[PDB]
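# Breakdown of the fold
Each chain is listed here by its residues.
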Amino acid sequence: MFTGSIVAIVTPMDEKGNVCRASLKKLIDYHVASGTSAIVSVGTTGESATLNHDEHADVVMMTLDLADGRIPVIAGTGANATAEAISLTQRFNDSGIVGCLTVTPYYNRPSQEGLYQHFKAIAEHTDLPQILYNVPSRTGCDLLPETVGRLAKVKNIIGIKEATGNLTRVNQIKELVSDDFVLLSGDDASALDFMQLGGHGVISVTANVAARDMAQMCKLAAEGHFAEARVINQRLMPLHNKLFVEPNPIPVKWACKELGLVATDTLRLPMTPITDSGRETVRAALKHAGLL
Amino acid sequence: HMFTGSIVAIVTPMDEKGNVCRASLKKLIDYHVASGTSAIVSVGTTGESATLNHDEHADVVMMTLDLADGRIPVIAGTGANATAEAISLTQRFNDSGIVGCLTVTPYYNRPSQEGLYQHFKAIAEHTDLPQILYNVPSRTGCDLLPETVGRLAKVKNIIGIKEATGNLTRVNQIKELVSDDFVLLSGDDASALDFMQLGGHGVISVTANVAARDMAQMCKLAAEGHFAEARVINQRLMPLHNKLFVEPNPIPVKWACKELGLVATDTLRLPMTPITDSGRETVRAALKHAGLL
Ligand SMILES: N[C@@H](CCCC[NH3+])C(=O)O
Ligand SMILES: N[C@@H](CCCC[NH3+])C(=O)O
Ligand code: NA
Ligand code: NA
Ligand code: NA
Ligand code: NA
Ligand code: NA
Ligand code: NA
Ligand code: NA
Ligand code: NA
Ligand code: NA
Ligand code: NA
């Protein structure tokens, strides 16, 4: 259930910056039809930083409601204060979400022991499966394999979204955890490599606009058909890269709009609209992918 | 002028349950008044801004302002990674008595230079208070470049920057793009004296929590061009400048304050955790090197 192509879904907005349900419905219908394994709601790509606690909870519950049992929903529950993370987590207990994605605290740079006590306290206040999430380029801290191994012994700590793009982390973690600990890439451009080394899937921004390809690529990787997966990956590589040509989710929201998947590409400050150059680049990447 | 010299990034002292401890904060503020500290930054990074909710944050700022009682200026930490949050935090301290705001680049969501421009511009437009930008890429994932600083210096109440890269070339890259009354403050204790000798006007300092008079003298000596004497102080303090980050700030400086008798307990809020045995030994030796123990 926590394997294959998982979309880190955008939070579509109207021109005032409020959540646009009609657009989110369209995306969720698109992912059900495309074979996406699951939806991560209000991750980084979903602009977690700029939704307040109640808007955040509302978007997750909206996503769950619209999913209507057709596709599993994983809630973004990360926070850089352990009390905030527990409170967010408790908000979704017994909601119908199948698990949580909880990022290492950002900006206050805790120690490895700080991360251990942080994630352990979170896990002790829920029954939901917990997927750790490491992305040092955003957070200023690096959850190391040693610490992941300590945390994997905690009951409902069940996997990790590893977004460093450092592919040596795959088997560094795998040798410290049990066979059913889930290893998920959080870096689209290196995700097929990550799977070929033993990863079980990807929590993906590219899947927002290339869901069918991403789902088939990940299934082929799972079946060991890496040559066939790489043909898809190469079609998608310009998107993997150029969806970060400006701060995510600025490009992917523009791309969703360009494809008719959402009504507007509006974001909340401090995100700002895509530049002329960025549109040109993302459009070429979408054309390279065969989507335009 | 008011934003020069030694400015303490003051800890938020807590009791054993993690609640703000007014009695320890009062002692610290009296200590800074007697030590000649130029100003207090309230609820910055060293003050555990992340783990105080909006009401606790505002309460700590108002407490610090009340305890200072006009004896020393107070600068409120008002940064946020959502612009709406930053405006709302800023609006809370309008006409409170604080003299200015310290506002960090959005963290975790990694905005562009244009996003930083619009962020800080929108903030400045919702306040009459002086704004001090704060760049610390090692924490935020985001680097406010001098060109963008120069753009923002043209917004009238954006009046300075706390530059915490430790990259000393930024001093004059910024200074040549701004007017001469734009304030340049180090946010990196180990390189602060270097920063001032290159033209910086002061430092927003963690070391000043426990070596306030030394830090006040070092900055005043630097300001008067007495760099040889300032360097003597800096070498007394350099192990502290470094070892107060031997573990995540403010874990070492809070333990040092407790060991010096300045606060009652060294308690923090998760995901900060208590100082290790090795860390205590390292920080004690640095305190002894400064002559403080
Ligand atoms: N802007 C803050 C608050 C988040 C509120 C819940 N989405 C942060 O990024 O941590
Ligand atoms: N923990 C969140 C919310 C802070 C609330 C105000 N001190 C952050 O660091 O941005
Ligand atoms: Na709607
Ligand atoms: Na660490
Ligand atoms: Na540690
Ligand atoms: Na390790
Ligand atoms: Na487990
Ligand atoms: Na008290
Ligand atoms: Na402000
Ligand atoms: Na100005
Ligand atoms: Na400096
Ligand atoms: Na401690």
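What counts and what doesn't
- Residues numbered from 1 in each chain as written, not as in the entry; some residues may be left out.
- Chains lettered and ligands numbered in written order.
- Heavy atoms only, no water.
- Helix = DSSP H or I, 4+ residues; strand = E, 2+ residues; numbered from the N terminus.
- Rg over C-alpha atoms; globule rule 2.2 N^0.38 Å.
- Buried < 20%, exposed > 50% of the residue type's maximum accessible area, 1.4 Å probe, protein only.
- Contact = heavy atoms within 4.5 Å.
- Areas by Shrake-Rupley, 256 points an atom, 1.4 Å probe, with all protein chains shown as cover.
- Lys, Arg positive; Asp, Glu negative; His and termini not counted.
- Charge placed at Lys NZ, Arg CZ, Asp CG, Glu CD.
- Near = heavy atom within 4 Å.
- Polar contact = N/O pair within 3.5 Å; in protein donor to acceptor, adjacent residues only side chain to side chain.
- Nonpolar A, V, L, I, M, F, W, Y, C, P; charged D, E, K, R; others polar.
- Donors = N, O, S within 2.8 Å, 3.2 Å for Na, K, Ca; no water.
- Buried area = accessible area lost by both parts, 1.4 Å probe.
- Salt bridge = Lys/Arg side-chain N within 4 Å of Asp/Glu carboxyl O.
- Pairing = 2+ DSSP bridges.
- Right-handed = clockwise from strand over helix to strand, strands pointing away.
- Axes fitted to C-alpha atoms, helices over the stretch in contact; angles between N-to-C directions.
- Parallel < 35°, antiparallel > 145°, perpendicular 65-115°, else oblique.
- Left-handed = near helix turned anticlockwise from the far one by under 90°.

Per the PDB record, the structure was determined using X-ray crystallography to 1.991 Å resolution.

## Re the overall build of chain B
Looking only at helices and strands, one finds twelve helices and eight strands in chain B. Here the C-alpha atoms of chain B give a radius of gyration of 18 Å, agreeing with the 19 Å that 2.2 N^0.38 yields for 293 residues. By principal-axis analysis of the C-alpha atoms, chain B measures approximately 45 × 45 × 35 Å. Taking all 293 residues of chain B together, the buried fraction comes to 59%. Relative to all contacts within chain B whose residues are 6 or more apart in sequence, the contacts with residues 24 or more apart total 72%. Per element, the accessible surface of chain B, about 10,700 Å² overall, is 50% carbon and sulfur. Side chains of chain B give 26 positive and 31 negative charges; the mean places of these two sets differ by 3 Å.

## Observations concerning the site of ligand 2
Lining the immediate environment of ligand 2, one finds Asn80 and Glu84 of chain A together with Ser49, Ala50, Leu52, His54, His57 and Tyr107 of chain B. Residues within reach of ligand 2 are spread across chains A and B. Here a nitrogen atom of ligand 2 sits 2.9 Å away from a polar atom, N or O, in the main chain of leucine 52 of chain B. Within the side chain of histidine 57 of chain B, an N or O atom sits 3.1 Å from a nitrogen atom of ligand 2. Coverage of ligand 2 by the protein chains reaches 90% of its 310 Å² of free accessible surface. Among the residues making up the shell around ligand 2, the classes are represented as three nonpolar, four polar and one charged.

## Quick word on the coordination of the sodium ion (ligand 11)
Residue and element names in this part refer to chain B. Summarising the metal site, the sodium ion (ligand 11) is bound by the protein donors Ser186 (OG) and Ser191 (OG), whose distances to it range over 2.5 to 2.7 Å. On the basis of relative accessibility, which here comes to 1%, the residue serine 186 falls in the buried class. On the accessibility criterion, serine 191 (8% relative accessible area) is buried.

## Topic: the site of ligand 1
In the neighbourhood of ligand 1, the contacting residues comprise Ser48, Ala49, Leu51, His56 and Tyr106 of chain A together with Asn81 and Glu85 of chain B. Near ligand 1, the surrounding residues belong to chains A and B. Between a nitrogen atom of ligand 1 and a main-chain N or O atom of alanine 49 of chain A, the distance comes to 2.7 Å. A distance of 2.6 Å is found between a nitrogen atom of ligand 1 and a side-chain nitrogen or oxygen belonging to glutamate 85 of chain B. For ligand 1, the protein covers 84% of the area, taking 310 Å² as the surface of the free molecule. In terms of residue class, the shell around ligand 1 is made up of three nonpolar, three polar and one charged.

## Quick look at the interface of chain B and chain A
Tallying the contact residues gives 31 residues for chain B and 31 residues for chain A. Around 2,600 Å² of area is buried between chain B and chain A when both sides are counted, 60% of it from carbon and sulfur atoms. Three residues stand out in chain B for area buried against chain A, namely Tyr108, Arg139 and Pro271 of chain B, and they jointly supply 29% of the buried area on that side. Linking chain B with chain A are zero salt bridges. Here chain B is connected to chain A by six residue pairs in polar contact. Those elements that provide at least two residues to the side of chain B that touches chain A are helix 3 (83–93), helix 4 (113–124) and helix 5 (137–140) of chain B. Examining the composition of the side of chain B that touches chain A, we find that four residues originate from one element, helix 4 of chain B, more than from any other.

## Quick word on the pairing of strand 8 (residues 202–205) of chain B
Residues and elements named next belong to chain B. The side-chain alternation of strand 8 yields two buried faces, one formed by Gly202 and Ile204 and the other by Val203 and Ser205. Pairing analysis gives four bridges linking strand 1 (residues 5–9) to strand 8, with the strands arranged parallel. Its bridge partner lying in strand 8, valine 8 is registered against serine 205. In terms of handedness, the path from strand 7 (residues 183–186) via helix 8 (residues 192–197) over to strand 8 forms a crossover that is right-handed.

## Things to note about the environment of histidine 240 of chain A
Residues and elements named next belong to chain A. Mapped onto the secondary structure, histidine 240 falls in helix 10 (residues 226–242). Once the C-alpha coordinates of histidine 240 and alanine 285 are considered, the two residues, 45 residues apart in sequence, prove to be 8.8 Å apart. With sequence-adjacent residues up to four places away left out, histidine 240 is seen in contact with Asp188, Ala189, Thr206, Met214 and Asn233. Engagement of the side chain of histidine 240 in a polar contact is seen with the side chain of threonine 206, the distance being 2.8 Å. A polar side-chain atom of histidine 240 sits 3.1 Å from a polar atom in the side chain of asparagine 233.

## A word on the packing of helix 1 (residues 22–35) of chain B against helix 2 (residues 54–68) of chain B
Residue and element names in this part refer to chain B. Running from amino to carboxyl end, helix 1 crosses helix 2 at an angle of 50 degrees, the nearest separation of the two axes being 10 Å. By the angle between their directions, the pair helix 1 and helix 2 is classed as oblique. As helix 1 runs across helix 2, the sense of the crossing is right-handed. Mapping the contact onto sequence places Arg22, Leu25, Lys26 and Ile29 in helix 1 and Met63, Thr64, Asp66, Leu67 and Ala68 in helix 2.

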